[PDB]
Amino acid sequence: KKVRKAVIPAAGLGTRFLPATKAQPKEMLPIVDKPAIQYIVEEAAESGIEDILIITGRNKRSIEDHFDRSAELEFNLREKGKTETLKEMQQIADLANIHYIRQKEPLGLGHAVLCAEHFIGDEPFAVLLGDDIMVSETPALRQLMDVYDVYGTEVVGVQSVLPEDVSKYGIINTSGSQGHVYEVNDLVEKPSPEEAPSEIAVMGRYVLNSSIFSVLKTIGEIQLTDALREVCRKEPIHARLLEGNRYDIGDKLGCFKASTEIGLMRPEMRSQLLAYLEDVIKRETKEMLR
């Protein structure tokens, strides 16, 4: 069974970005000129996912609207000649088939994954937390999916991190390592620097099975790791080192960084940007020498 369905939980009230997000959702904050959520749906589509369930909350209509056809916008783009544009707008609505479900009250990412139960039903599915953007010749998810196609168990997405960071993330407890594909025997959430049995963390990407669904039912906020953990006791899961560049967007500054770097891949903005940063640094030195 090929992975063809994915789950983006998106019910955060996103308080870290106040006041940008007082009256609009975190998932829509622009990254270069793209809403964060678009990057994630783009990953999925490019990995060959055909159906996404977005677990949404109150006042996130704008997400649903983003991925539909905006009539008034289509008209106005025509009457102005922006055909290349009108076309890029239509493609957004074509990426995937976007389903939505409301998470009732905020009970966390475990609840959220359970809400997907009947939608994915009896297929393996991808989960994508919307917390980092991945630049890669092979889409992050597609990577996790290729490990799945092989092992057929719960695969996790991973990247090494510097110790004294391990408390912010999670952790592969590896006792083996083969290919670009570590092998997982256990798991810990937010391990104190010493408690941490590795330097490798999971990068908000997953492929799971319906199995996991029942497992998470049983265990039952409901942390999703404990389930990926109680699967590991019965059997060993798998993790892929994610080839590509990772931009954490949990922070205000995280978003700043992400915008600049992705900015730098745009040809038209690369030199304009880079020039501009040179001249900001000059101005800052000159000022500080007075």
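Don't overthink the numbering: it's just position in the shown sequence, from 1.
Per the record, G220 and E221 are separated by 4 to 9 deposited residues that are missing from the model.
Stretches 245-253 and 232-240 differ in mean CA B factor, with 232-240 having the higher one. Stretches 47-55 and 66-74 differ in mean CA B factor, with 66-74 having the higher one. For the set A116, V155, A140, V161, the maximum C-alpha B-factor listed in the entry falls on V161.
Of the candidates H99, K104, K80, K87, the PDB record gives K104 the highest C-alpha temperature factor. Per-chain ranking of the deposited C-alpha B factor places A6 in the lowest third. When all modelled residues of the chain are sorted by CA temperature factor, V166 is found within the highest third. Remark: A93 belongs to the lowest third of its chain, ranked by C-alpha B-factor as recorded. In the deposited entry, the Cα temperature factor of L144 sits in the middle third of values across the chain's modelled residues.
In this PDB entry, the Cα temperature factor of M265 sits in the middle third of its chain's modelled residues.
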